[PDB]
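One structure is given here, and the rest of the page talks about it.
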Amino acid sequence: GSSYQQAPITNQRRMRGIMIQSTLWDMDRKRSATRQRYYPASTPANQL
Amino acid sequence: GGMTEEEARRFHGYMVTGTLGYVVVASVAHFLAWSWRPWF
Amino acid sequence: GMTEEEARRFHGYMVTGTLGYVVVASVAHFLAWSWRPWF
Amino acid sequence: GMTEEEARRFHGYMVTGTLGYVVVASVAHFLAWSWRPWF
Amino acid sequence: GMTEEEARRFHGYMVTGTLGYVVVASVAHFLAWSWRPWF
Amino acid sequence: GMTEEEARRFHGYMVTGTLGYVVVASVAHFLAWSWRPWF
Amino acid sequence: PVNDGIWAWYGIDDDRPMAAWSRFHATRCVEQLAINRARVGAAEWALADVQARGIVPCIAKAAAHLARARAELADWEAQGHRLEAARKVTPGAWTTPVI
Amino acid sequence: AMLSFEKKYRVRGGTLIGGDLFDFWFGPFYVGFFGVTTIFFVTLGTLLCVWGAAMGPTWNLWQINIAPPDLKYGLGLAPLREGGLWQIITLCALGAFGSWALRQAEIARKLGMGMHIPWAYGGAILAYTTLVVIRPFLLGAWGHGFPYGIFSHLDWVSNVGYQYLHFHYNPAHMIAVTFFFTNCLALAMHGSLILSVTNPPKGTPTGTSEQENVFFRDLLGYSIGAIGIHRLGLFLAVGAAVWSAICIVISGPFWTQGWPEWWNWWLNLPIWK
Amino acid sequence: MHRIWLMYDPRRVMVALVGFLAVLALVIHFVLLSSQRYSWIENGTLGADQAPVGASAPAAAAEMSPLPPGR
Amino acid sequence: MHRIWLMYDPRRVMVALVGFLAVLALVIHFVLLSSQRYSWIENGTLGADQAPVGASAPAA
Amino acid sequence: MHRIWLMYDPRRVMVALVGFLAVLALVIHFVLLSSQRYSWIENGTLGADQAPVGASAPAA
Amino acid sequence: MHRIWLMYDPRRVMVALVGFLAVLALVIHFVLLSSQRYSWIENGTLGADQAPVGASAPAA
Amino acid sequence: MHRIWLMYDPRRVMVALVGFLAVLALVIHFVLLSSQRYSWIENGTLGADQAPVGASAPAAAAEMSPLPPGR
Amino acid sequence: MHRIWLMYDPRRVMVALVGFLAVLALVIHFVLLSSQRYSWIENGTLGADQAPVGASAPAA
Amino acid sequence: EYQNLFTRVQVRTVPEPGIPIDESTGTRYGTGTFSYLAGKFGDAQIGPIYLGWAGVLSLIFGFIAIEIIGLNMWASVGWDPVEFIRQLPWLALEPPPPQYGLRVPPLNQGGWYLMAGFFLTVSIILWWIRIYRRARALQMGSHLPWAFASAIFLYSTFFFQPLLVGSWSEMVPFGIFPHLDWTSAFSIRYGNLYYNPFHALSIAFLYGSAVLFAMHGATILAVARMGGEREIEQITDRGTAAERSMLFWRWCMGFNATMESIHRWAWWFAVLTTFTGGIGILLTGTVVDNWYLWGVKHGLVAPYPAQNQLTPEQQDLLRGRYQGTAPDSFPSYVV
Amino acid sequence: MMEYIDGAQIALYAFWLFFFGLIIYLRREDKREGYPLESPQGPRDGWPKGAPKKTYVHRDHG
Ligand SMILES: CCCCCCCCCCCCCC(=O)OC[C@H](COP(=O)(O)OCC(O)COP(=O)(O)OC[C@@H](COC(=O)CCCCCCCCCCCCC)OC(=O)CCCCCCCCCCCCC)OC(=O)CCCCCCCCCCCCC
Ligand code: BCL
Ligand SMILES: CC[C@H]1c2cc3[nH]c4c(c3C)C(=O)[C@H](C(=O)OC)c4c3nc(cc4[nH]c(cc(n2)[C@@H]1C)c(C(C)=O)c4C)[C@@H](C)[C@@H]3CCC(=O)OC/C=C(\C)CCC[C@H](C)CCC[C@H](C)CCCC(C)C
Ligand SMILES: *[C@H]1O[C@H](CO)[C@@H](O[C@@H]2O[C@@H](C)[C@H](O)[C@@H](O)[C@H]2O)[C@H](O)[C@@H]1O[C@H]1O[C@H](C(=O)O)[C@@H](O[C@H]2O[C@H](CO)[C@@H](O)[C@H](O)[C@H]2NC(C)=O)[C@H](OC(C)=O)[C@H]1OC(C)=O
Ligand SMILES: COC(C)(C)C/C=C/C(C)=C/C=C/C(C=O)=C/C=C/C(C)=C/C=C/C=C(C)/C=C/C=C(\C)CC/C=C(C)/C=C/C=C(\C)C(=O)O
Ligand SMILES: COC(C)(C)C/C=C/C(C)=C/C=C/C(C=O)=C/C=C/C(C)=C/C=C/C=C(C)/C=C/C=C(\C)CC/C=C(C)/C=C/C=C(\C)C(=O)O
Ligand SMILES: COC(C)(C)C/C=C/C(C)=C/C=C/C(C=O)=C/C=C/C(C)=C/C=C/C=C(C)/C=C/C=C(\C)CC/C=C(C)/C=C/C=C(\C)C(=O)O
Ligand SMILES: COC(C)(C)C/C=C/C(C)=C/C=C/C(C=O)=C/C=C/C(C)=C/C=C/C=C(C)/C=C/C=C(\C)CC/C=C(C)/C=C/C=C(\C)C(=O)O
Ligand SMILES: COC(C)(C)C/C=C/C(C)=C/C=C/C(C=O)=C/C=C/C(C)=C/C=C/C=C(C)/C=C/C=C(\C)CC/C=C(C)/C=C/C=C(\C)C(=O)O
Ligand SMILES: COC(C)(C)C/C=C/C(C)=C/C=C/C(C)=C/C=C/C(C)=C/C=C\C=C(C)\C=C\C=C(C)\C=C\C=C(C)\C=C\CC(C)(C)OC
Ligand SMILES: CCCCCCCCCCCCO[C@@H]1O[C@H](CO)[C@@H](O[C@H]2O[C@H](CO)[C@@H](O)[C@H](O)[C@H]2O)[C@H](O)[C@H]1O
Ligand SMILES: [Fe+3]
């Protein structure tokens with residue numbers, strides 16, 4: 001691609017290991033751990 | 001090491017009373033937990 | 001080990017520090033409760 | 001092993017250094033809170 | 001081991017070295033601040 | 001081992017060598033800055 | 001525990017002080033009496049040897065070791081007397097005496 | 001020929017089978033009954049390997065490949081061109097490796113030594129026997145053995161590994177690898193320590209057990225002692241082979257999925273399920 | 001019953017007991033904290049009628065023949 | 001029957017028994033907790049009619 | 001009951017206590033920080049009505 | 001209270017205290033630097049009304 | 001306070017101090033050099049009005065790519 | 001200040017210092033050589049106004 | 001027959017070694033102690049350690065490296081202490097993205113990685129110096145630091161090979177299962193590492209190290225009843241335990257070492273494991289990019305009958321592309 | 001340019017030359033004890049010829 005656009009912060013993985021989707025996440029179904037996979041929403045205070 | 005029967009009887013007085021007091025505290029904790037969110 | 005006099009003297013501080021710790025913890029919990037109750 | 005009077009001397013420094021550090025950290029939190037409150 | 005006059009003599013250089021280092025760092029920070037503030 | 005007069009002699013060369021090296025580095029930076037300044 | 005070893009995990013312990021008759025404790029006691037009397041004999045021979053060659057700090061330890069060997073023997077002699085008393089009052093016990 | 005002190009030791013006795021009949025030397029080598037059986041199985045097995053090379057596509061040492069039979073033959077002997085030759089060679093290899101271990105016992109007995117060496121070698125025989133007998137038998141076909149060929153067996157190792165998608169996740173394999181790596185570390189430390197006290201810098205006296213214990217102590221925080229390092233080296237090296245045999249026998253007969261999904265039990269411990 | 005303390009060193013007993021109770025208490029809290037019904041840090045303010053419940057046995061036919069969600 | 005306490009050290013049998021009961025109790029609780037029918041922390045408030053049941057034979 | 005300190009060396013107990021309290025305090029703080037509701041570093045300035053709540057039963 | 005330094009060697013306690021505080025300070029700075037609200041090296045200049053908050057924008 | 005040197009050998013303290021200052025300075029320089037706002041080797045010549053602000057997004061760059069063209 | 005050489009043998013300090021300065025210089029040269037702006041072997045002949053600069057004012 | 005595998009009778013001495021041999025500068029840290037469990041298998045003394053200046057700095061630099069790794073792992077599960085323990089072997093601190101090459105990357109995208117790698121490397125070099133100084137202070141040969149230099153060489157090739165191919169992205173991630181994912185993917189990227197001849201050699205010495213330590217461990221235990229474990233005295237004052245050890249192997253396999261020279265065989269087999277390893281890594285991606293094709297060229301690869309045959313239009317159809325960048329958008333397909 | 005010769009092949013033969021040199025060295029070391037060999041035909045050295053038997057100096061104690 002000619003140049004890079006960032007995904008929204010809630011689409012960014014906080015685990016950077018490349019195989020984690022097959023080695024862990026395809027068997028791990030725990031709800032807390034699944035929520036930890038992505039960064040939470042983050043907003044400038046004056047936009048709330 | 002020594003341990004006479006009067007020492008054992010004195011220790012038993014504390015060990016029983018402490019045990020029962022802890023069970024009493026735990027009973028109140030279950031009374032609180034049940035009134036908040038019964039498990040049966 | 002300790003003499004009994006040392007045990008008496010030590011215990012008073014140990015009880016005091018425990019009670020001081022519990023007091024601060026109780027204030028910390030009531031601050032947290034007033035900010036964001038957990039029940 | 002210290003003498004009792006020697007432990008008493010060390011305790012004076014140790015308490016004072018502790019409270020001095022807490023005082024400095026208190027002002028650091030006053031500055032941090034003024035810059036960007038966390039509650 | 002170190003005698004108390006020898007400890008007191010050493011301490012004067014430790015304080016002076018610390019102060020000199022803190023001063024150099026304070027100028028370094030104010031140069032860095034004037035170039036590109038972090039608050 | 002080391003005597004104090006012999007330390008005092010060595011401290012002569014050591015401080016002088018340090019300051020000499022720092023001067024040479026100061027000139028290397030003057031040249032580097034003239035070629036391609038970093039601020 | 002050196003004698004019962006792993007079997008102490010299952011609560012076999014034939015060293016413990018016993019005042020009722022027990023053929024297992026009596027067996028252990030008879031074995032340990034012989035071993036400890038030999039051990040006292042060796043301890044006092046070693047004292048005699050080290051006294052003869054005169055080395056002071058070794059004489060001190062040899063005497064301290066001998067006293068410990070005598071004390072450990074005396075415990076087994078006490079166990080032997082308890083069991084031997086219990087033997088005489090208990091039907092079907094051994095005919096050969098303990099100690 | 002003989003070492004300058006050797007002749008005194010060359011008594012009769014200590015054999016397991018043959019008595020005095022084979023109780024002699026050939027050059028440096030002790031013979032014995034298991035020496036005779038060794039050379040039989042070595043010669044037969046080697047010449048059949050050479051025949052396998054002759055009827056294969058090349059004489060290139062790296063490319064020679066004597067392959068086991070197809071899985072369809074099960075536990076029968078296949079046609080010799082079709083893997084039966086591999087099966088005969090496997091019997092010779094078992095006969096040779098077994099004969100070698102028992103010959104070592106005769107030698108240890110004649111020297112009044114403990115039996116440690118024969119048994120330590122049994123760890124390697126176990127690993128081989130697992131790869132060519134026990135694991136193929138549990139899978140129900142001799143065709144599961146590895147091919148005899150310097151690189152073709154590495155193609156087998158590769159494909160067996162990826163039969164479980166990510167073989168690094170095999171838990172017994174992690175242990176076996178840890179033993180192999182720890183062994184090589186321990187070997188380097190023990191070799192270094194002995195050479196460093198026996199070959200100190202020029203103009204230095206020969207060292208002592210105390211110095212190597214002092215050095216070892218501040219390396220690991222504890223002193224292992226002279227008997228301890230040899231017990232450890234034997235434990236690590238033989239333990240690696242035993243855990244190797246475990247790691248391969250569980251792969252297939254007992255576990256069939258990918259190895260990464262074996263770790264699902266750990267994720268599901270009830271303290272954090 | 002006090003003679004149990006003739007049989008055991010009370011210093012060994014109390015240490016074993018406190019270690020047992022600490023580990024048991026930790027385990028029960030972490031078992032609860034990973035459940036849905038007692039995930040009290042996230043959902044503790046819910047009323048008991050609103051708290052999660054593990055799903056029943058199916059509707060008694062245990063069989064499918066559905067109708068779509070409304071567009 | 002009390003004579004077994006001369007054969008065996010009471011001090012050591014008691015420790016072994018307490019250990020055995022603790023292990024067996026924890027095993028059974030976790031076996032039940034891992035089941036569907038008795039996952040009591042999630043589903044303990046279901047009535048006995050509502051609780052899960054392992055699948056029956058199809059009877060065909 | 002200060003004689004507790006005769007059967008237990010307080011030099012050992014105070015180290016065991018401080019080690020326990022330190023680790024437990026950190027575990028509790030990180031459990032809270034990891035939660036949605038009490039992620040106070042990112043969301044501490046939200047009011048109690050605005051703070052997250054974990055999902056209810058579906059009929060609720 | 002000074003008798004605490006008879007019971008424990010102050011030469012040991014001060015090293016442990018310094019180590020503990022340094023690690024705690026390092027952990028707290030790392031946690032804050034890792035957040036969005038307190039990513040102060042990148043965003044320290046923002047000013048409190050436009051610093052990040054851990055909430056989703058209303059009406060998306 | 002000079003009595004600190006009677007209880008601690010200054011030979012040992014100064015090595016620990018030098019090491020602590022060394023790691024602390026190196027950590028802070030490497031942190032800054034990896035930041036957007038303070039990458040002074042690449043961007044040191046920019047004025048403060050045009051240096052980055054607010055670049056805290058945790059995936060500012062593409063995670064996955066070929067290596068740069070190899071020449 | 002010369003009495004520091006009574007605490008530390010200058011034979012050790014001089015070697016340690018030369019090692020430190022050698023590694024420090026090597027690190028700083030390598031950091032620069034790895035950069036865009038100061039990769040002087042390939043680009044040293046560029047004038048100061050031709051040398052690379054990191055990205056200005058993102059999303060200006 | 002007693003196997004000499006564990007010690008049924010230990011002896012204590014009330015004064016102790018652990019107070020070192022005469023050692024000069026630095027300090028002996030702690031007092032010696034005995035472990036009964038250590039005394040069962042080996043020598044019982046667990047005891048004092050020496051650091052000096054290089055040991056202190058190595059621990060400081062190394063602790064920071066360990067903290068950076070752990071804090072990043074813990075941050076990667078959102079600071080959840082339960083998920084930190086539950087998921088620990090899958091967590092990593094991960095190298096920078098490939099498009100940066102050797103340039104400094106963003107802090108959360110490999111900047112912490114390069115920092116941890118730097119402090120770990122400095123810590124390893126300072127530990128080597130600490131060992132080197134200690135060997136000389138105890139008046140010993142330098143065999144141990146050069147053996148450790150061989151391990152450091154292999155380790156450094158996980159920096160130099162990424163440097164030579166021109167990207168920090170190629171470095172090994174810090175993490176238990178993640179570094180094994182890298183190990184597999186390295187062999188995949190470079191076309192099967194089994195055909196790397198230095199990898200093959202490195203295995204030959206790794207296996208040989210197990211062969212030698214099994215043989216040597218067993219040999220010494222087999223003569224330990226005759227004093228064979230007193231190896232220094234068997235070297236300076238050969239006893240019947242050494243003679244029997246030489247004759248066993250001579251009579252078994254036709255040749256033998258000495259009580260000294262077996263430790264040289266041991267030393268070189270271990271050292272050559274990592275030395276040949278490092279050469280193989282340095283050659284990978286710089287000289288050879290597909291080791292299987294290098295094997296075909298040099299005749300390593302055994303032939304098999306073809307499992308499939310492509311037609312010429314399949315040869316064009318079945319070529320793919322080299323993998324590119326990930327899609328940086330979420331397309332709508334509605335028209 | 002050289003098609004067949006490549007840097008991995010060159011490096012491998014450099015290792016083989018070193019490794020055979022090393023085996024020779026180790027076999028000389030292996031022969032410091034028990035050599036020359038006794039035989040009916042007189043003394044025998046094998047190959048390579050062993051290094052000489054080595055004397056060790058003990059310390060004068062303190
Ligand atoms: C990649 C990592 C590798 C990792 C693995 C690396 C393994 C390395 C260790 C193995 C190699 C050493 C083996 C050894 O030293 O055996 C002793 C033997 C003779 O001992 P001696 O003391 O010097 O002499 C005895 C003699 O004076 C009196 O004995 P006697 O009168 O009773 O009996 C007569 C002799 C006649 O000698 C022979 O028959 C030689 C047999 C073959 C020698 C080795 C050739 C090369 C390897 C095998 C190739 C054929 C193999 C099929 O009979 C004997 O002495 C027989 C006892 C020796 C049996 C040795 C068997 C060794 C098998 C090694 C297998 C290696 C497999 C790879 O030595 C020799 O003959 C000369 C060995 C020279 C060193 C080998 C390296 C040479 C490198 C190239 C340098 C240039 C050309 C020489
Ligand atoms: C699919 C996987 C690939 C593969 C990919 C690789 C890769 C990639 C590599 C190896 C390497 C090795 N492989 Mg291979 N390997 C495969 C198949 C095998 C098989 C087999 C039976 O199939 C075997 C036996 C081996 C064996 C080996 C070894 C011979 C070799 C490592 C030597 C060593 O000592 O490393 C262990 C020793 C070290 C790593 C040295 C470490 C020393 C440092 C100084 C220690 C620092 C510790 C520090 C202080 C503490 C840090 C704390 C933490 C930060 C918390 N591989 C297949 C083909 N293999 C390596 C090699 O050399 O390749 C040529 C290598 O890089
Ligand atoms: C010949 C090849 C083999 C080899 C050899 C080898 N390795 C060696 C050696 C040798 C000969 C050593 O002498 C050396 C060693 O020390 O051994 C004990 C080492 C070593 N091999 C190591 C590991 C290792 N070796 C491996 C492999 C190999 N080693 C090969 C198989 C592997 C594998 C297979 O992956 C590993 C992981 C280490 C155990 C050790 C080098 C130790 C080292 O450098 O440590 C650096 C320090 C740290 C990482 C920091 C630790 C941090 C502390 C936990 C902090 C505690 C707090 C601290 C007190 C704070 C500071 C306060 C100050 C004021 C004090
Ligand atoms: C969003 O954009 C990205 C970036 O282009 C697309 O991902 C590309 O395709 C993958 C093969 C590759 O992995 C990745 O590196 C990247 O190259 C992604 O698929 C989405 O695509 C849609 O948006 C594209 C976009 O770039 O905005 C758009 O591309 C076309 O339009 C833009 C202008 O809006 C123009 O610059 C491009 O040259 C043009 N490219 C092509 C091939 O037409 C896509 O449109 C089409 C037809 O592909 C969008 O795709 C869809 C289905 O909507
Ligand atoms: C969710 O799923 C799973 C988890 C699987 C489900 C769970 C399953 C299971 C199997 C649970 C089992 C629970 C259990 C089983 O028995 C639980 C048993 C608990 C018990 C017995 C607790 C006892 C506590 C006793 C205490 C605290 C005593 C304190 C004593 C004090 C204070 C005295 C202080 C004074 C002293 C000492 C005297 C000093 C001397 C003096 C003064 C002097 O000498 O003068
Ligand atoms: C995520 O949520 C999960 C984790 C899942 C939820 C679950 C949580 C669970 C299970 C929690 C359990 C908590 C618990 C128990 O188990 C908690 C127990 C807490 C306790 C007991 C705290 C006690 C503190 C006492 C202190 C601080 C005392 C200080 C004393 C001082 C300072 C004085 C020292 C003496 C001096 C100065 C005098 C010297 C004189 C001398 C020497 C002389 O005079 O000689
Ligand atoms: C979001 O992040 C998460 C992590 C999640 C959030 C949670 C965090 C948590 C749980 C934190 C817990 C913190 C804590 C808990 O207690 C913190 C406790 C802190 C404490 C106790 C600090 C004490 C400091 C004391 C100091 C500095 C003393 C200095 C003394 C000096 C200078 C003088 C010394 C004496 C000398 C030199 C003697 C000279 C004379 C001599 C010798 C003579 O006269 O002889
Ligand atoms: C994670 O995110 C991130 C971004 C990292 C955020 C986190 C940041 C954090 C946690 C920062 C912490 C900072 C800190 C905490 O303590 C920092 C503490 C710093 C300190 C204490 C510095 C002290 C320096 C002292 C010096 C230099 C002294 C020099 C002395 C000299 C030269 C004289 C030598 C003596 C002589 C010559 C005399 C000989 C005489 C003799 C012998 C005689 O007379 O006998
Ligand atoms: C990620 O960040 C990155 C990008 C890396 C950026 C950040 C970098 C950072 C943090 C850098 C820090 C640098 C630093 C910090 O202090 C650097 C400190 C440097 C220092 C102190 C240098 C000192 C040099 C001293 C020299 C050369 C002395 C020479 C002496 C000589 C020649 C004479 C010897 C004596 C003689 C000849 C007489 C013998 C007589 C005898 C015996 C007799 O007469 O008896
Ligand atoms: C609060 O404290 C906590 C609780 C967080 C402490 C706990 C920490 C924990 C749990 C830590 C866990 C750590 C684990 C499990 C680590 C696993 C590590 C593994 C398995 C690593 C395996 C391999 C890694 C390798 C080979 C890495 C090699 C890296 C190298 C060679 C890097 C070199 C980098 C250099 C030289 C950088 C130079 C800097 C410059 C600027 C020049 O950039 C290039
Ligand atoms: C890490 C940051 C620390 C920041 C510290 C801030 C400064 C704190 C020091 C304030 C100085 C005055 O504080 C006071 O000093 C005197 C000595 O002068 C100490 O005095 C102490 O030692 C003297 C003898 O030397 C004893 O007689 C006395 O009983 C004892 O308390 C006091 O205990 C302390 O309270
Ligand atoms: Fe050895």
Side-chain angles (χ1 to χ4, degrees), chain B residues 7 10-11 13-23 26, chain D residues 8-21 23-24, chain H residues 154 157-158 161-162 167-168 177 180-181 184-185 244 270, chain I residues 10 13-14 17-18 20-21 24 27-28 31-32, chain J residues 18 21-22 24-30 32-33 40-41, chain K residues 1-4 6-8, chain M residues 1 3, chain O residues 62 65-66 69-70 116 120 123-124 127-128 148 150-158 161 172 174 180 182-188 190 192-196 198-207 209 270 273-274 276-281 283-284:
Chain B
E7 293 164 274
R10 195 177 71 256
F11 184 78
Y14 283 108
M15 197 66 165
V16 170
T17 306
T19 301
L20 284 173
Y22 174 86
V23 168
Chain D
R8 215 179 201 117
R9 191 178 71 222
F10 180 85
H11 189 66
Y13 284 95
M14 178 56 202
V15 168
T16 313
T18 303
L19 295 173
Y21 178 83
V23 162
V24 176
Chain H
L154 311 196
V157 177
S158 189
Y162 291 106
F167 205 82
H168 281 141
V177 174
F180 271 106
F181 287 167
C184 190
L185 195 172
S244 302
Chain I
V13 174
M14 262 288 288
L17 176 63
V18 174
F20 169 74
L21 297 174
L24 182 69
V27 170
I28 295 163
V31 169
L32 290 166
Chain J
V18 167
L21 297 178
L24 184 67
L26 292 167
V27 169
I28 296 165
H29 283 84
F30 287 130
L32 293 164
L33 188 62
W40 76 89
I41 295 181
Chain K
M1 49 178 96
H2 60 276
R3 289 191 185 76
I4 284 180
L6 302 183
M7 75 174 296
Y8 287 109
Chain M
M1 205 177 80
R3 296 182 187 104
Chain O
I66 306 324
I69 297 161
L120 180 61
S123 178
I124 289 164
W127 200 251
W128 184 91
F148 183 37
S150 191
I152 294 170
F153 172 67
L154 174 63
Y155 167 82
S156 78
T157 72
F158 306 131
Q161 189 274 358
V172 186
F174 297 109
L180 306 187
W182 175 92
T183 302
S184 289
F186 186 95
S187 180
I188 289 168
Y190 298 113
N192 188 14
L193 209 71
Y194 285 121
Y195 289 98
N196 181 330
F198 283 94
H199 182 261
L201 281 170
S202 185
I203 292 165
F205 294 114
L206 179 70
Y207 292 168
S209 302
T273 299
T274 46
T276 55
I279 302 298
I281 297 308
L283 288 168
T284 299

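Each ligand, and each atom within it, is numbered from 1 in the order the structure gives. Each chain gets a letter, A, B and so on, in the order the sequences are listed, and its residues count up from 1. These numbers come from the heavy atoms of this one structure, side chains and all, not from hydrogens, waters or symmetry mates.
- Considering backbone and side-chain N/O of M/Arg3, none are found under 3.5 Å from N/O of ligand 11.
- Close N/O approach between D/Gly12 and ligand 11 is found [any backbone or side-chain N/O within under 3.5 Å].
- Regarding atom 20 (C) of ligand 5, its nearest protein heavy-atom neighbour is I/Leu21 CD2, 4.0 Å.
- The protein does not reach atom 19 (C) of ligand 11 closely, with no heavy atom under 4.0 angstrom from it.
- Checked by atom type and distance alone, the side chain of O/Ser150 never pairs as donor or acceptor with a backbone atom of O/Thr274 at under 3.5 Å.
- Contact annotation for atom 16 (C) of ligand 11: protein absent (non-hydrogen atoms, distance under 4.0 Å).
- Ligand 5 places these atoms under 4.0 Å from at least one heavy atom of B/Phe11: 37 (C), 38 (C).
- At distances below 3.5 Å, at least one donor-acceptor pair connects side-chain atoms of O/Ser156 with backbone N or O atoms of O/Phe153.
- Heavy-atom contacts of B/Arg10 reach the following atoms of ligand 5: 43 (C), 44 (O), 45 (O) (cutoff under 4.0 Å).
- Of the protein's heavy atoms, none falls inside 4.0 Å of atom 16 (O) of ligand 5.
- Of all protein heavy atoms, the one closest to atom 30 (C) of ligand 5 is B/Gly18 CA, 3.9 Å.
- If you check which protein heavy atom lies closest to atom 5 (C) of ligand 11, you get D/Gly20 CA, 4.0 Å.
- The contact set between ligand 5 and J/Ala25, taken as ligand atoms under 4.0 Å from a residue heavy atom, comprises 10 (C).
- At least one heavy atom of K/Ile4 lies less than 4.0 angstrom from ligand 5.
- Under the 4.5 Å side-chain criterion, counting only non-hydrogen atoms from C-beta, B/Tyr14 is not in contact with K/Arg3.
- Taking only non-hydrogen atoms, the option from K/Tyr8, J/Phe30, I/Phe20 nearest to atom 18 (C) of ligand 5 is I/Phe20.
- Between the H/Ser158 side chain and the H/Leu154 main chain, no donor and acceptor come within less than 3.5 Å of each other.
- Between the side chain of O/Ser202 and the main chain of O/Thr276, no donor-acceptor pair closer than 3.5 Å is present.
- Taking every heavy atom of J/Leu26 and a limit of under 4.0 angstrom, the matching atoms of ligand 5 come to 5 (C), 10 (C).
- At least one protein heavy atom sits closer than 4.0 Å to atom 31 (O) of ligand 11.
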Show me the short polar-atom pairs for ligand 2: any N or O of it lying under 3.5 Å from a protein N or O, with distances only.
| from | atom 1 | to | atom 2 | distance (Å) |
| --- | --- | --- | --- | --- |
| ligand 2 | 13 (N) | O/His199 | NE2 | 3.4 |
| ligand 2 | 15 (N) | O/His199 | NE2 | 3.3 |
| ligand 2 | 22 (O) | O/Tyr194 | OH | 2.6 |
| ligand 2 | 56 (N) | O/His199 | NE2 | 3.3 |
| ligand 2 | 59 (N) | O/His199 | NE2 | 3.3 |

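- The nearest protein atom to atom 42 (C) of ligand 5, hydrogens excluded, is given as B/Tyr14 CE1, 3.6 Å; this is a heavy-atom distance.
- Heavy-atom proximity to atom 35 (O) of ligand 11, evaluated over D/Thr18, D/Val15, D/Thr16, is greatest for D/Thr16.
- For O/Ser184 and H/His168, the side-chain atoms include at least one donor-acceptor pair closer than 3.5 Å.
- The closest non-hydrogen atom to atom 26 (C) of ligand 5, taken over I/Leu17, I/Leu32, I/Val31, comes from I/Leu17.
- Shown in contact with I/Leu24 at under 4.0 Å from a heavy atom are these atoms of ligand 5, numbered in order with element: 13 (C).
- Proximity to I/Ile28 (heavy-atom distance under 4.0 Å) selects the following atoms of ligand 5: 4 (C).
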